[PDB]
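Just below is one structure, and these are the notes that go with it.
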Amino acid sequence: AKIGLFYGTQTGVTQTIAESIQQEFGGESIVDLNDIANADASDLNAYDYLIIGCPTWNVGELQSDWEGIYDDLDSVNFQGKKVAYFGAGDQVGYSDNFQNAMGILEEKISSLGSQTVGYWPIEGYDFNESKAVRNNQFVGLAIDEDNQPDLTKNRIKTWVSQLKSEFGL
Ligand SMILES: Cc1cc2nc3c(=O)[nH]c(=O)nc-3n(C[C@H](O)[C@H](O)[C@H](O)COP(=O)(O)O)c2cc1C
Numbered sequence: 001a002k003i004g005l006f007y008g009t010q011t012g013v014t015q016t017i018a019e020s021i022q023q024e025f026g027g028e029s030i031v032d033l034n035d036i037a038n039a040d041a042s043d044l045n046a047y048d049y050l051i052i053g054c055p056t057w058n059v060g061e062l063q064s065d066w067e068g069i070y071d072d073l074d075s076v077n078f079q080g081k082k083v084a085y086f087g088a089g090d091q092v093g094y095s096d097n098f099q100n101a102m103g104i105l106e107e108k109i110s111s112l113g114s115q116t117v118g119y120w121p122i123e124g125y126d127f128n129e130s131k132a133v134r135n136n137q138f139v140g141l142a143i144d145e146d147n148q149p150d151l152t153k154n155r156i157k158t159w160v161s162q163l164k165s166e167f168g169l
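For the sequence shown, the deposited numbering gives the first residue as 1, with consecutive numbering after it.
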């Protein structure tokens, strides 16, 4: 497909979100779903449009599967690629490390020459600190199933609608 979605997940929440995003875009013919646990860094090279999903774990850390491939990311040339990010987190329980994984990955991938698209407003959340915030916006979609599951469906619909414009759909 045109868009490659790569996600990592520990308790399955990020996978469910990935599946909803693929569905909102139009299905398998538009978005390829890939579990980063089963991929090689070079698989990211096959796409010009990428969506990266990762939940934050263990107080500000990357989900372990993303942690595993992190050092290999240097071998991929992201210049010219448009990359969007999404993450699952818990704003109440980890108010000072909310969605940090998403920010760690964005800082790394953009330093390799990619363009970040998909900024999201921070006003619909209550947290103290997040490494995924730059100039008062999140660098990608923040989902919180632990505290705001009622908002997930419309957050995804709205985000995907905005991304379509960025990805030329
Ligand atoms: C042990 C543990 C640590 C967590 N640490 C963080 C954290 O530092 N920041 C955050 O935003 N959420 C944190 N969370 C919340 C998870 O990211 C959240 O539950 C998410 O839905 C997990 O998605 P997964 O099922 O895709 O792995 C933590 C949850 C647990 C159980």
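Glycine included, every Cβ here is placed at the ideal spot set by N, Cα and C.
*Measure the alpha-carbon distance for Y85 versus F78 and round it to whole angstroms.*
Counting from one through the sequence shown, the residue named residue 85 turns up at place 85. Counting from one through the sequence shown, the residue named residue 78 turns up at place 78. Near 14 Å, if we compare the C-alpha coordinates of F78 and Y85.
*Give me the Cα-Cα distance between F25 and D40, rounded to the nearest whole angstrom.*
By 1-based counting over the sequence shown, the position of residue 25 is 25. By 1-based counting over the sequence shown, the position of residue 40 is 40. So the alpha carbons of these two residues sit roughly 24 Å apart.
*Would you call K153 buried or exposed, if buried means 16 or more other Cβ atoms sit within 10 Å of its Cβ?*
For the purposes of this step, residue 153 is taken as residue 153 along the sequence shown, with counting starting at 1. So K153 counts as exposed.
*Beta-carbon gap between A46 and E28 smaller than 8 Å*: Along the sequence shown, read from residue 1 onward, the residue named residue 46 stands at position 46. Along the sequence shown, read from residue 1 onward, the residue named residue 28 stands at position 28. No, Cβ-Cβ distance for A46 and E28 is not below 8 Å.
*Is it the case that the Cβ atoms of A101 and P55 are separated by a distance below 8 Å?*
The sequence position of residue 101 within the sequence shown is 101, counting from 1. The sequence position of residue 55 within the sequence shown is 55, counting from 1. Yes, they are a contact pair.
*Buried or exposed (CB count within 10 angstroms, at least 16 for buried), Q63*: By 1-based counting over the sequence shown, the position of residue 63 is 63. It is buried - the Cβ of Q63 has at least 16 other Cβ atoms within 10 Å.
_One or two residues paired with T116 in a DSSP bridge_ = Counting from one through the sequence shown, the residue named residue 116 turns up at place 116. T116 pairs with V83.
*Under 8 Å between C-beta atoms of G53 and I17*: Locating residue 53 in the sequence shown gives position 53, counting from the first residue. Locating residue 17 in the sequence shown gives position 17, counting from the first residue. Yes; because the gap between Cβ atoms is below 8 Å, this pair is in contact.
*asked:* Below 7 Å, is the gap between the Cβ of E28 and the nearest heavy atom of ligand 1?
replied: Taking the sequence shown and counting its residues from 1, one reaches residue 28 at position 28. Not under cutoff, so the answer is no.
*Contained beta strand (DSSP E) runs [length at least 3] in the region 122-155, N- to C-terminal order*: Runs found: 141-143.
*Is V83 buried or exposed, if buried means 16 or more other CB atoms sit within 10 Å of its CB?*
Reading the sequence shown from its first residue, position 83 is the one you call residue 83. It counts as buried.
*Is it right to say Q115 is buried, meaning 16 or more other beta carbons lie within 10 angstroms of its own, or is it exposed?*
Locating residue 115 in the sequence shown gives position 115, counting from the first residue. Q115 comes out exposed.
*In the DSSP assignment, find the beta strand (DSSP E) that holds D35 and state where it starts and stops.*
Position 35 of the sequence shown, counting from 1, holds the residue named residue 35. Its beta strand (DSSP E) spans residues 31-35.
*When you compare each of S161, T9, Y70, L141 to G124 by their alpha carbons, which one comes out closest?*
Counting from 1 along the sequence shown, the entry for residue 124 is found at position 124. Comparing C-alpha distances from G124 to each of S161, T9, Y70, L141 shows the shortest one belongs to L141.
*How far does the alpha helix (DSSP H) with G103 in it reach, from first residue to last?*
Walking along the sequence shown from the start, residue 103 turns up at place 103. It spans 100-111 - the alpha helix (DSSP H) in which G103 sits, taken as one unbroken run.
*Pull up the DSSP beta-bridge partners for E19, would you.*
As a working mapping, residue 19 is identified with position 19 in the sequence shown. Answer by DSSP bridge pairing: none, since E19 is not bridged.
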